[PDB]
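Before any questions on how it binds or moves, here is one chain, the form deposited in one PDB entry, in structure tokens.
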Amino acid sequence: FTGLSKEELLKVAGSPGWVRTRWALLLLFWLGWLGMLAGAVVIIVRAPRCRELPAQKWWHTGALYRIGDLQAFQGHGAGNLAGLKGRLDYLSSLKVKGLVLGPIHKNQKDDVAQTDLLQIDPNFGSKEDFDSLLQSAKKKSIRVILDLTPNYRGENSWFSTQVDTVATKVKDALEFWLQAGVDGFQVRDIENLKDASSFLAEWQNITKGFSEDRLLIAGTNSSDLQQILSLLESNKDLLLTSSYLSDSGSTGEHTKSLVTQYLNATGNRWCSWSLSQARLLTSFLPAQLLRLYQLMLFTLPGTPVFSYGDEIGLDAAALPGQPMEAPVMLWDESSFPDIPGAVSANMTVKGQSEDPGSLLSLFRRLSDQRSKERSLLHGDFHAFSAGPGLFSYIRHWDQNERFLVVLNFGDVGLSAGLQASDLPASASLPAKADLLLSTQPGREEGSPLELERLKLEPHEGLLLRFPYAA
């Protein structure tokens, strides 16, 4: 303790058989270190590797917002494009990575000579203002998609007269708007223009030849799968929105049947999941199913398309003297100068922003969850059978958080009865799963919930998550 003697200790430690002991211990330490290094190398080599990264474009990572007419979205007076500059922040709050801005080219009757899509209508605004809107959107990381439906006022939506002129005009305005700076195009009512497949293929070819980050959308009014599939034959990069999804309003398993059939026929490729081309949810559904469809469209494998007023649950039947196609946006209690009391406090964006049980809160949380999560971004989708009226599926990419969505379309409550028995063992759901949210309030959140005692009240949905399992 007080310090052992310096000299005798040094001289005693020289006897053969003990000086070699320290050499043996040092060699043992070094060989143990080498063995542990070799074991670490062996463990590193024998391990699964990262699969890949699909290198997705800009429209794969978020929703899309449709604004058919700026007059109703903004209000009376401020019908110009610059007004959207004051509202883009709101859209950036919704976390929408697109903006399908409606047609702006001049059109006032069924005429063809003086109605052209070369330059903007004078009443809408100015070219410099449109460029200002483009630069403001680019600063805000929002991509503006234009629309070039030649006729939208009359019933004849695509000039059922000779079609060479309109095709030439479209092909001439295309590169014009490309060098203008837009990031996509949309053409609606594709069933009116003759031999649509060849023209769509040509337009897709030119747009994709200009750049690798351009997008083209087509809109059709047919709910038949065969017609849609035949349209998507010649070209494959197309984004096609059709009214095929809805087809219902009193049936629950029909939606699952259509979704699975479409995914199987198209080859598990990229598709747009929308209820219609220029219509919102409340046109085809009652007020008791909006949250279910908002939860379904924000988890299916594709780019979801919503119209304006689809997050506050805007409905056109609840107000009188209101156009069905383009109702005004209920920003606040001052929606109309007259009838002060017909509107309610929960029909405005301000009254729904902070309400926990509002539609807008669910929309914001779902959009934020879809924008960032990789499994929801480009994860594989697998569906399994369930009870009489349950739609349940799994999103899983490689090793991230797996998501399990279960929706109840029935009018009465029933037990879940979850069972797959067919999915690959890689992403088998466990007996214990977490929770994210419920469409209708009255349940717990944030804590694990056992998957065998699951119950579902009528018109409900669950967004459980579970981590990667070995």
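C-alpha atoms forming the largest set that superposes within 1.5 Å between two forms make up the rigid core. One-based numbering along the sequence shown.
There is also a form deposited with a partner chain bound; it is not shown, and the following applies to it.
Counting any non-hydrogen atom inside 4.5 Å, which residue from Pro340, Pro388, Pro323, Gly209 sits next to the partner chain in the entry with it bound?
If I apply the 4.5 Å criterion carefully, the residue I get is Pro388.
I need to confirm a contact call. Of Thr251, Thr260, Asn156, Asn205, which residue comes within 4.5 Å of the partner chain in the entry with it bound, counting heavy atoms only?
Here the answer is residue option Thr251.
With a cut-off of 4.5 Å between heavy atoms, is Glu444 one of the residues that contacts the partner chain in the entry with it bound?
No.
At 4.5 Å between heavy atoms, is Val412 in contact with the partner chain in the entry with it bound?
Yes, contact at 4.5 Å.
Which of 349 to 357, 117 to 125, 380 to 388, 71 to 79 has heavy atoms within 4.5 Å of the partner chain in the entry with it bound?
Going through the listed ranges, the match is 380 to 388.
Identify which of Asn268, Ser93, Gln288, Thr251 has its C-alpha displaced by 2 Å or more between this form and the one not shown once the rigid core is superposed.
C-alpha shift of at least 2 Å: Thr251.
Any CA movement of 2 Å or more for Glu128 between this form and the one not shown, core superposed?
For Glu128, whose C-alpha is compared between this form and the one not shown after core superposition, the shift is less than 2 Å.
When you overlay the rigid core, is the Cα of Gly321 off by 2 Å or more between this form and the one not shown?
False for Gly321: its C-alpha shift is below 2 Å.
Superposing on the rigid core, is the Cα displacement of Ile339 between this form and the one not shown 2 Å or more?
For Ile339, whose C-alpha is compared between this form and the one not shown after core superposition, the shift is 2 Å or more.
Regarding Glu253 and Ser421, go with closer or farther for their CA spacing in the entry with it bound versus this form, the difference being 3 Å or more.
It is farther: in the entry with it bound, the C-alpha atoms of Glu253 and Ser421 lie at least 3 Å more apart than they do here.
Comparison of CA distance in the entry with it bound with shown form for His396, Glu253, at least 3 Å:
Compared with the shown chain, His396-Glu253 is farther in the entry with it bound.
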